[PDB]
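**Student:** enclosed are the sequence and the experimentally obtained structure.
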Amino acid sequence: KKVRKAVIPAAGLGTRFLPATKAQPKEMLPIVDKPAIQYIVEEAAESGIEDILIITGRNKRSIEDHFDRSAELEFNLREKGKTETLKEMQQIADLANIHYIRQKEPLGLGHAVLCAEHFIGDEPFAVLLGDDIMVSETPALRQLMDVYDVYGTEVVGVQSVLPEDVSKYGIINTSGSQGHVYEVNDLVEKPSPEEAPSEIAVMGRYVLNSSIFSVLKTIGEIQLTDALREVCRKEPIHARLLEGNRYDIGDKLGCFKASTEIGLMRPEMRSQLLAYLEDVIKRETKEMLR
Amino acid sequence: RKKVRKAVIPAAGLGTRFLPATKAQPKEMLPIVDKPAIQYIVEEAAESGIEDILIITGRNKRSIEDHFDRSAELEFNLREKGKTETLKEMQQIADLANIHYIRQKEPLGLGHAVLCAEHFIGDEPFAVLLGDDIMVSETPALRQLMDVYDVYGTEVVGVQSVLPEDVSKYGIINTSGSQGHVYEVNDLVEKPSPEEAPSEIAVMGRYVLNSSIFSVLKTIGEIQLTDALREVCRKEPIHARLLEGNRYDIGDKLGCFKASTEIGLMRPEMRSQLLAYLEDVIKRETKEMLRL
């Protein structure tokens, strides 16, 4: 069974970005000129996912609207000649088939994954937390999916991190390592620097099975790791080192960084940007020498 | 001899220059540093001593109206998390001014937009602020315009100079001369070719107008605000104020990025990490370029 369905939980009230997000959702904050959520749906589509369930909350209509056809916008783009544009707008609505479900009250990412139960039903599915953007010749998810196609168990997405960071993330407890594909025997959430049995963390990407669904039912906020953990006791899961560049967007500054770097891949903005940063640094030195 | 206390902020664009960000959400809500662009404009107004703002809004721009109101679910979550600093901050936003909205029913640009405001202001002087730039100033930009009005009581336009190339990006003043910080506008073109332009002094989407401007705007009528200063010019000449502080255009993607960086570097909590990051990027770009 090929992975063809994915789950983006998106019910955060996103308080870290106040006041940008007082009256609009975190998932829509622009990254270069793209809403964060678009990057994630783009990953999925490019990995060959055909159906996404977005677990949404109150006042996130704008997400649903983003991925539909905006009539008034289509008209106005025509009457102005922006055909290349009108076309890029239509493609957004074509990426995937976007389903939505409301998470009732905020009970966390475990609840959220359970809400997907009947939608994915009896297929393996991808989960994508919307917390980092991945630049890669092979889409992050597609990577996790290729490990799945092989092992057929719960695969996790991973990247090494510097110790004294391990408390912010999670952790592969590896006792083996083969290919670009570590092998997982256990798991810990937010391990104190010493408690941490590795330097490798999971990068908000997953492929799971319906199995996991029942497992998470049983265990039952409901942390999703404990389930990926109680699967590991019965059997060993798998993790892929994610080839590509990772931009954490949990922070205000995280978003700043992400915008600049992705900015730098745009040809038209690369030199304009880079020039501009040179001249900001000059101005800052000159000022500080007075 | 009346005080300016009402401003009109026209806000009914589809924000094409910003697609796909603005596909399903308004241009004025795009964040500059961590605050919506629209909030900057209200803030300038508030601190300029404006008490009553009319936003001329369009369809699917509810988020502006929500932004400046109590947000009960947010409030709750903030209390139940302790962020009393933030809860107070949010509460402040909702207090900056008296925000009124009207829908401009059909998009006929500014001018019509301004006419929309007619009954709301009735018979006073008012400010218009198009939001195309953020000004960092000791004295709030609009206040500066207002102080020249207090003295000359004509329509007063806010200005700064620009390099000749970009004089078709603007409306250009046409002085006889100047006196302290107040130029003496004799006429006004729309957006002139670099030689057709009779100055390199451009209007910075600030205006303090008089109620009279309505009569005017009606006679001319696609109603351009500029032409209705042109006619006010025929009978009698208008004033301009050179605007004290630092301007950051945000009409462009790049503009906004520059704005975010500039304003960001002014925030103490941010400054050191941001500067750090910036130096880093250049350092990293150098290494990788020299090895190629």
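**Tutor:** Ah, there it is. Numbers count the residues shown, from 1 in each chain, chains lettered A, B, ... in the order given.
**Student:** quick check: residue A:58 touching residue B:74?
**Tutor:** No - contact status for residue A:58 versus residue B:74: not in contact, 10.4 Å apart, counting by C-beta atoms under 8 Å. For every residue, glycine as well, the C-beta is placed using N, CA and C.
**Student:** the two: which is more packed in?
**Tutor:** The neighbour comparison of residue A:58 against residue B:74 (other C-beta atoms under 10 Å in any protein chain shown) goes to residue B:74, with 22 against 11.
**Student:** now do the SS call for the more buried one.
**Tutor:** helix (DSSP: H, G, I helix; E, B strand; the rest coil).
**Student:** OK, contacts around residue A:17?
**Tutor:** By C-beta atoms under 8 Å, 6 or more residues apart in numbering or on different chains, residue A:17 lies in contact with A:26, A:29, A:252, A:255, B:31, B:34.
**Student:** repeat that for residue A:184.
**Tutor:** Applying C-beta under 8 Å, 6+ apart, the residues near residue A:184 are A:156, A:172-174, A:232, A:236-239.
**Student:** what residue lies at the spatial centre of chain A?
**Tutor:** The centroid of chain A falls nearest to residue A:130 when counting by C-alpha atoms, centre = their mean (3.4 Å).
**Student:** now for the closest residue to it other than its chain neighbours: which residues touch it?
**Tutor:** Spatial nearest neighbour of residue A:130, chain neighbours left out: residue A:40 (5.0 Å); criterion: C-beta to C-beta, 6 or more residues apart in numbering or on different chains. Taking C-beta under 8 Å, 6+ apart, we find residue A:40 in contact with A:8, A:128, A:130, A:133.
**Student:** where's residue A:22 relative to chain B, distance?
**Tutor:** For residue A:22, the distance to chain B (C-beta to the nearest C-beta, to the nearest Å) stands at 6 Å.
**Student:** same check, this time on residue A:12
**Tutor:** 11 Å.
**Student:** now for that residue: which residues touch it?
**Tutor:** A:25-27, A:57.
**Student:** please apply the same query to residue A:263.
**Tutor:** Contact analysis of residue A:263 by C-beta under 8 Å, 6+ apart lists A:32, A:269-270, A:273, B:257.
**Student:** then residue A:153?
**Tutor:** Counting by C-beta under 8 Å, 6+ apart, residue A:153 has contacts A:209, A:235-238.
**Student:** which of the contacts of residue A:40 lies closest to chain B?
**Tutor:** Nearest to chain B among those: residue A:133, at 14.8 Å, using C-beta to the nearest C-beta.
**Student:** right, and the closest one touches residue A:41 too?
**Tutor:** No - Residue A:133 is beyond contact range of residue A:41, at 11.8 Å (criterion: C-beta under 8 Å).
**Student:** without its sequence neighbours, what residue ends up closest to residue A:188?
**Tutor:** residue A:171 (4.9 Å).
**Student:** just to check, that neighbour is in contact with residue A:197?
**Tutor:** Yes - contact criterion C-beta under 8 Å: residue A:171 and residue A:197 qualify, at 6.4 Å.
**Student:** give me the common contacts of those two.
**Tutor:** Common neighbours of residue A:171 and residue A:197 (C-beta under 8 Å, 6+ apart) are A:188, A:191.
**Student:** anything in stretch A:56-75 near chain B?
**Tutor:** Yes - Stretch A:56-75 is in contact with chain B by C-beta under 8 Å from any C-beta of the partner chain, via A:58-59, A:62-63, A:65-66, A:68, A:70, A:72-73.
**Student:** what's next to stretch A:25-39, contact-wise?
**Tutor:** Residues contacting stretch A:25-39 (C-beta under 8 Å, 6+ apart): A:8, A:10, A:12, A:14, A:16-17, A:20-21, A:54, A:59-60, A:62-63, A:66, A:92, A:130, A:133, A:249, A:255, A:258-259, A:262-263, A:266, A:269, B:18-21, B:23-25, B:30-31, B:253.
**Student:** so what's residue A:232 closest to, chain neighbours aside?
**Tutor:** residue A:186 (5.6 Å).
**Student:** quick check: the one you found touching residue A:231?
**Tutor:** No - with contact defined as C-beta under 8 Å, residue A:186 does not count as touching residue A:231 (10.5 Å).
**Student:** what's the farthest-apart pair in the contacts of residue A:153?
**Tutor:** Farthest pair in the contacts of residue A:153 (C-beta to C-beta) is A:209 and A:236. Separation: 14.4 Å.
**Student:** helix, strand, or coil at the nearest residue to residue A:260 once chain neighbours are set aside?
**Tutor:** Distances taken as C-beta to C-beta, 6+ apart place residue B:281 nearest to residue A:260, at 6.4 Å, with adjacent residues excluded. Classification of residue B:281 by three-state DSSP places it in helix.
**Student:** thanks again, I'm all set now.
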